[PDB]
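Derivation of every value follows stated rules applied to the coordinates shown; laboratory data play no part. Cβ coordinates were reconstructed from backbone atoms using ideal geometry, including for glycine residues, and neighbour counts include every protein chain displayed.
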RNA sequence: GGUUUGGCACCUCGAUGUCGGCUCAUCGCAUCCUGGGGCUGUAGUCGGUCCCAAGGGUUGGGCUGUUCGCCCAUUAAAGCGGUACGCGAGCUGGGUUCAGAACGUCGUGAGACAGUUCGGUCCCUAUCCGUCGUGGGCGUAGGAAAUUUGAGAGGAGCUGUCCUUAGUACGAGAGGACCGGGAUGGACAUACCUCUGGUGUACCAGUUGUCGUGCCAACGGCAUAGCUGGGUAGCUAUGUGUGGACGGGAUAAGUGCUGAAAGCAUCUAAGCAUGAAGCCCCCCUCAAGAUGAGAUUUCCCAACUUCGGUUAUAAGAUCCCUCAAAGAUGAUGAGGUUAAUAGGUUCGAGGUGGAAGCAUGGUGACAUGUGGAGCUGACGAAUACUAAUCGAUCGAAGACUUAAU
Ligand SMILES: [Mg+2]
Ligand SMILES: [Mg+2]
């Protein structure tokens with residue numbers, strides 16, 4: 001059991017040894033570090049607190065997240081670590097391992113292993129019904145005027161209210177996502193790069209998050 | 001080539017040489033590998049290269065035969081280890097790079 | 001990429017603004033059009049450093065067939081001026097002179113106005 | 001992709017030249033089809049002679065599709081036309097010949113009598 | 001289409017807790033001794049964004 | 001039962017718009033399929049009937065205005081019904097309920113059907129509630145940044161074929177299994193552009209007419225982007241992958257164990273087990289305005305004697321500005337000279353496909369060399385040349401009561 005962070009950078013091609021073309025995701029686990037170790041003794045759950053991008057030291061008169069407010073620095077000086085931009089946890093891990101304040105290098109992973117992922121989805125604005133939900137559009141000609149709009153909401157003069165679960169134009173994008181049952185292809189420790197079969201919810205340079213699958217079959 | 005310099009460095013290995021370099025409008029005997037029935041064999045396909053797109057491992061071509069009155073056109077990735085060998089024979093002369101004007105049998109590449 | 005207007009009218013508006021800015025070395029505009037004409041005219045001062053015939057056959061497209069100028073009761077054409085005069089100031093420098101000045105807004109339309117210059 | 005009310009050529013010794021695609025057997029209301037997919041067709045014309053006639057209705061097995069198939073090696077293929085072949089759930093044809101070359105992925109579906117005959121498995 | 005009811009003197013006012021307008025950015029001049037707005041020009045005397053570079 | 005044809009005449013005549021279809025669904029269960037069972041005149045496969053069960057699914061076309069209905073071909077099945085015979089401030093308007101005309105007819109006649117037929121105007125800029133998304137203000141007994149628990153709510157829930165077990169069980173034979181395992185697909189849902197293809201209006205090239213750049217050349221303007229062929233980023237489905245699981249807890253129908261009331265028998269009253277896609281738990285997501293306002297780490301930490309309180313400031317965030325990976329606006333995020341935030345420049349990818357000029361060969365139209373040439377929007381590093389200047393605002397000094405040291 002294990003899990004790391006990373007960054008979607010791009011997708012490519014890569015071949016199996018039977019000649020089967022195999023698509024692939026690229027991800028970068030650069031500068032992963034463990035920061036804090038949240039026991040069940042105090043909090044009520046056993047987990048691992050983590051950090052990914054090196055950022056810089058304390059402000060002087062300074063400004064946004066490129067640099068670091070003191071409390072972050074007060075958290076990263078703690079375990080002999082440089083301050084980090086993205087912090088995330090990982091429950092369901094062998095907390096007996098992972099001393100506070102080390103690295104979670106890609107070598108924990110291995111070719112052939114199965115995984116899930118997590119990440120934000122993509123930017124998408126006020127999208128209509130049929131693009132948000134996939135409803136079916138209406139007729140063009142034969143004189144109509146109902147091309148794309150969401151249809152008749154509800155029932156009648158009775159059942160006056162409109163039920164909550166309906167389907168309407170709102171934003172389509174920002175959502176936590178998970179994609180069970182992907183596989184790993186390769187682990188290049190040189191560039192500290194990993195490769196994941198299939199494709200992941202992310203934009204370029206976005207956040208991506210990984211862990212060992214749960215539905216192995218058990 | 002660079003798309004990011006992290007992709008390119010790690011896809012390095014799947015790349016390979018022994019690629020005849022050329023332009024579209026080439027007759028081309030592709031001596032290609034096959035397995036089925038557990039018979040470790042090959043085939044041979046011929047014809048005109050319509051396309052050659054893409055940089056990097058994504059690179060690709062598209063060939064075309066007119067076997068038995070029926071047009072056919074196949075497109076492979078370039079760097080497949082499922083390919084054995086290539087033989088350019090002829091070499092064409094054209095004022096297009098993509099060749100989608102190809103239809104029935106007056107189509108002399110010249 | 002950016003849109004002020006339709007396709008054509010935008011383009012000709014930019015051949016116009018960029019035809020100016022050299023006749024006068026600075027103008028007063030709304031900010032957006034200044035940004036776009038900045039990109040253009042940056043490319044043209046990058047062009048007039050080279051000075052080949054072909055360079056004239058590329059400045060010809062954007063700049064106009066003529067717009068007369070007189071400094072000393074002289075005859076110029078906004079092209080002779082370019083490859084003959086302007087770049088010969090900024091050879092030692094890259095292209096990318098142009099600067100922008102967020103002057104103020106405008107009573108009529110509420111639009112921000114600026115003073116883009118190459119001086 | 002081949003679907004309802006789609007007209008095709010043929011390949012065999014039938015006495016028939018083109019067909020119509022009523023239904024595209026599979027699942028619970030498939031719309032589509034590709035190489036290998038058996039279908040239920042009929043006959044909209046005929047050359048003289050031959051066993052089959054107008055107004056008839058029989059099955060067929062698709063081959064020579066115009067939006068060809070992706071092989072798992074990452075290679076593709078494309079013909080120009082669409083076509084089919086007549087069949088009787090021996091998964092062996094009525095006909096005696098096959099013009100118009102064949103797409104090989106039929107082999108997964110265990111069709112070999114028509115693959116005996118086709119120039120060429122491709 | 002239409003209102004059915006008269007919009008009272010309260011809701012007409014609560015609805016207007018957002019037609020206010022924001023205190024614009026301001027600061028004194030560096031050597032024109034007066035106020036103006038930020039990352040902009042003075043409109044006076046000789047122009048002072050870092051000192052004079054203009055007339056208007 | 002209150003889905004039909006009906007009876008009643010209680011709301012509606014200063015207007016409650018009706019048939020059917022499109023999009024949208026939502027529900028009941030008297031179950032159409034899957035799941036589990038009892039019985040059988042069930043040998044097996046297939047079945048008939050009854051019970052529990054509504055979690056999901058319940059198709060394309062021909063034919064009519066059509067509910068209905070017949071038919072074709074599929075399929076595991078192609079459910080019955082309620083929601084103004086759902087939904088017209090969301091759509092249609094084919095019939096029917098306007099005016100015209102006509103056919104059979106009834107009428108002495110104007111004209112009317114027990115009918116038929118060609119055609120025929122459908123307005124509403126959303127105040128409130130409701131709903132989909134999203135920001136302010138205050139609160140959570142000092143102020144901030146991060147992480148996160150998760151009471152609750154939502155979502156997903158489908159299923160075939162084939163190999164094996166085994167041509168075994170069964171039966172004379174024809175024929176032909178449970179159970180379990182294994183691969184493979186339909187439809188559906190999510191995520192993405194590396195592939196396949198689409199689009200791609202400041203990219204590229206060819207090109208017709210015409211006007212202009214004083215002329216040839218080479219260009220520009222206009223003509224649906226003037227047309228035609230390609231097409232980067234980006235956005236995309238038919239493409240690419242992925243998914244429903246496994247498993248456990250308590251259960252209904254049913255099967256039991258021990259066993260009396262009732263010495264026997266008895267599944268039950270005392271007691272114990274067992275058992276479905278159902279319930280729940282697990283799986284994905286949201287989520288402390290859960291006013292029960294949580295918990296953890298870290299950070300800031302004065303002077304004024306009004307005693308209570310006041311202060312400009314601290315940490316921090318913002319005003320302002322450059323910009324997208326986000327974007328209707330606001331918000332989120334990358335960044336702000338002690339800097340690579342965007343532009344430009346220099347390289348590069350990819351794309352287009354042999355620039356111009358020059359010479360040469362041509363009576364010329366045109367070709368060859370100079371040259372994988374020139375060009376290049378969004379993509380990739382480097383490069384402070386320009387632009388984010390100097391700056392102001394906001395924000396604490398931790399109430400009491402008990403019980404603890
Ligand atoms: Mg018809
Ligand atoms: Mg494309």
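Can you tell me the mean projection area, over all orientations, of the convex hull of the protein assembly as shown's alpha carbons? Units nm², please. Don't jump to the answer; show the numbers that get you there.
Values: hull surface 198.8 nm².
The number I arrive at for the protein assembly as shown is 49.7 nm².
Among A:153, A:50, A:187, determine the one that fluctuates most according to a GNM of chain A built with springs between C-alpha atoms less than 10 Å apart.
Looking only at A:153, A:50, A:187, the largest GNM fluctuation is found for A:153.
Once you order the gyration tensor axes a ≥ b ≥ c over the Cα atoms, which shape class does chain B get: rounded for a/c under 1.5, otherwise prolate or oblate by comparing a/b with b/c?
It is oblate, given that a/c is not under 1.5 and a/b is not larger than b/c.
Counting only C-alpha contacts under 8 Å and six or more residues apart, can you give the relative contact order of chain D as a whole percent?
Working: 279 pairs, mean separation 27.9, N = 122.
Value for chain D: 23 percent.
Going out from 0 in 10 Å bins, what whole percent of all Cα-Cα distances in chain D drops into each bin?
14, 48, 33, 5, 0
Report the FRET efficiency, 1/(1 + (r/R0)^6), for residue A:40 and residue A:136, where r is their Cβ-Cβ distance and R0 is 41 Å, rounded to 0.05. Walk me through the intermediate numbers first.
Values: r = 50 Å, r/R0 = 1.22.
FRET efficiency, residue A:40 to residue A:136: 0.25.
May I ask for the distance between the Cα centers of region B:44-110 and region B:4-40, given as a whole number of Å?
After rounding, the separation between the Cα centres reads 14 Å.
Suppose each label sits 7 Å from its Cα in the direction of the beta carbon; what would the residue C:85-residue C:112 distance come out to in nanometres?
3.2 nm
Provide A:54, C:72 in ascending order of the number of other Cβ atoms located within 10 Å of each residue's Cβ, fewest first. List each step's numbers first, then the result.
Numbers: A:54 14, C:72 4.
Fewest-to-most ranking of A:54, C:72: C:72, A:54.
Mind running the shape call on chain E? Use the C-alpha gyration tensor, a ≥ b ≥ c as the square roots of the eigenvalues: rounded below 1.5 for a/c, prolate if a/b tops b/c, oblate otherwise. Kindly include the intermediate steps, with their values, before the conclusion.
Numbers: a/c = 6.39, a/b = 3.90, b/c = 1.64.
Prolate.
Could you put E:46, E:32, D:84 in order, starting from the residue whose Cβ has the fewest other Cβ atoms within 10 Å? Mind dumping the intermediate values first?
On the way: E:46 13, E:32 17, D:84 27.
With the fewest neighbours first, E:46, E:32, D:84 line up as E:46, E:32, D:84.
Calculate how many DSSP beta bridges within chain D are antiparallel, expressed in % of all such bridges and rounded to the nearest 5. Walk me through the intermediate numbers first.
Working: 15 of 18 bridges.
Percentage antiparallel, nearest 5: 85.
When only C-alpha pairs under 8 Å and at least 6 residues apart count, what is the relative contact order of chain A, in percent? It would help to have the intermediate numbers written out before the result.
On the way: 453 pairs, mean separation 63.3, N = 218.
29 percent.
State the percent of C-alpha pairs, over all pairs in chain A, separated by a distance greater than 29 angstrom. Each step should come with its number before you reach the end.
Values: 10786 of 23653 pairs.
Of all Cα-Cα pairs in chain A, 46 percent lie more than 29 Å apart.
In nm, what is the difference between 0.36 nm times the number of residues separating residue E:2 and residue E:38 and their Cα-Cα distance? Numbers along the way, then the final one.
On the way: separation 36, 0.36 × 36 = 12.96 nm, distance 4.49 nm.
Between residue E:2 and residue E:38, full extension yields 8.5 nm more.
Between residue C:32 and residue C:119, what's the calculated FRET efficiency when r is the beta-carbon distance and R0 is 25 Å? Round to 0.05. Write out the running numbers ahead of the final one.
Working: r = 21 Å, r/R0 = 0.85.
Calculated transfer efficiency: 0.70.
Where the centre of each part is set by its Cα atoms, how far does region A:37-60 sit from region A:140-154, in angstrom?
Using only Cα atoms to place each centre, the spacing works out to 53 Å.
If you restrict to DSSP beta bridges whose two residues both lie in the protein assembly as shown, what percentage is antiparallel, to the nearest 5? Walk me through the intermediate numbers first.
Details: 81 of 85 bridges.
Within the protein assembly as shown, antiparallel bridges account for around 95 percent of the total.
Calculated FRET efficiency, residue B:39 and residue B:90, Cβ-Cβ r, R0 35 Å, to nearest 0.05?
Values: r = 31 Å, r/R0 = 0.89.
E(calc), rounded to 0.05, equals 0.65.
Give the angle, between 0 and 90 degrees and rounded to the nearest 10, that separates the Cα long axis of helix C:31-47 from the longest principal axis of the Cα atoms of chain C.
For helix C:31-47, the angle is close to 10 degrees.
Based on Cα positions only, what radius of gyration and what Dmax would you give for region A:1-49, in angstroms?
17.5, 53
Based on alpha-carbon centroids, what's the gap between chain E and region C:62-100 in Å, whole number please?
39 Å
Rounded, prolate or oblate: pick one for region A:26-80, where a ≥ b ≥ c are the square roots of the eigenvalues of its C-alpha gyration tensor, a/c under 1.5 means rounded, and failing that, prolate if a/b is larger than b/c, else oblate.
Working: a/c = 2.83, a/b = 1.40, b/c = 2.01.
Because a/c hits 1.5 or more and a/b fails to exceed b/c, region A:26-80 counts as oblate.
Sorting D:44, A:66 on the 10 Å Cβ count, fewest up front, what's the list? Walk me through the numbers on the way to the answer.
Numbers: D:44 14, A:66 9.
Lowest count first: A:66, D:44.
Testing the spin-label approximation: label points 7 Å from Cα along Cα→Cβ at residue A:18 and residue D:115. State their distance in nm.
About 1.6 nm separates the two model spin labels.
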